[PDB]
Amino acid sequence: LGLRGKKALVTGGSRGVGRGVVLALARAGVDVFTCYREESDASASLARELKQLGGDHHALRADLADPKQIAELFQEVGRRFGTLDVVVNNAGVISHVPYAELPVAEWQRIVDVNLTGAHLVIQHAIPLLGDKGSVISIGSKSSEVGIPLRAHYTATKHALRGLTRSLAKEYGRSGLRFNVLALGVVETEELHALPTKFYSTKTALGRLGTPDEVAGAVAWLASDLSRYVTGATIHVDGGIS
C-alpha cells in the first residue's frame, strides 16, 4: 500500500464521506489538505482533530462554486505542500426538488459545485501532481439507477464518469491515473434524524455503507497496488439494486 509520506487533497472533508476519508488517510501517515464551504462546528472539530494527529495537515475554507476561491485554495496548497500525490473530488451538494419546479439557480448551483468545481479542482491540481498522481472522483450508483426529484444530482454525478474517462486517456502516458468511486448509500448524518431498512433491502450485504469503507477503496486507488487501474468506475456500494 505504502501511503505514508504522500500528500493528498480532499475536497469537502468536514462531514460524512469526506471527513472519513480525510481522517483515515491522516492516521495512515498521509499529509492531508482538505477544505469546506463554511465555518461550522464540523470544520472546527475537524481542525481540532487534524492537529491532534502527527502530520502536515491543513483545513481551509473554500467555496467551490466560486472559481476565484478554488484558485486561492490551490495557491496555498502549492505554498504549504508544493506537490500532491492524491486528489479526491468528494465535495458535492444535493437537493430533492420536483423537476418542473427546479429553479435555474438551483440547477446551476448543483452543476457549479458537483461538476464545474470538481473539474476546476482537477485542472488546478494537474501541475502539482507531477510525474505521478492519482485522481479519485466520488460518483454514485444512483446515476445508473435514476432517482426522482434528483435528476440534476444524477446528471452531475454521471458527468464525472465521462470527464474521468477522457482525462485518463489524455494523461495516462504522463503517469496520472483518473478513476471514479461509485458509492451506494453511506450512513453519515442519519444520526441527526429519528427512525435505513428501505435501502438495506436494496443492498446485497444488508447494511448501509460506512465512510471508512469508502476510505478503504480510496486508499487502494491512492496506492501503487492499483497502478494499472485508470479510467475505471469502482463500485463501493454493497451490491445495491
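The first residue of the sequence shown is number 1, and the count goes up from there.
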Mean temperature factor over C-alpha atoms, higher-scoring stretch between 96 to 104 and 156 to 164: 96 to 104
Which of 70 to 78 and 143 to 151 has higher mean CA B factor, as the PDB entry lists it: 70 to 78
Candidate set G184, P195, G172, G216 [ranked by C-alpha B-factor, highest]: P195
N179, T34, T203, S45, ranked by C-alpha B-factor: the highest one: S45
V10 - which third its CA temperature factor falls in, relative to the rest of the chain: lowest
B-factor third for the C-alpha atom of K132 within its chain: highest
Ranked against its chain, the third holding the CA B-factor of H58: lowest
Ranked against its chain, the third holding the CA B-factor of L1: highest
Chain third (lowest, middle, highest) by recorded CA B-factor, residue given as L225: lowest
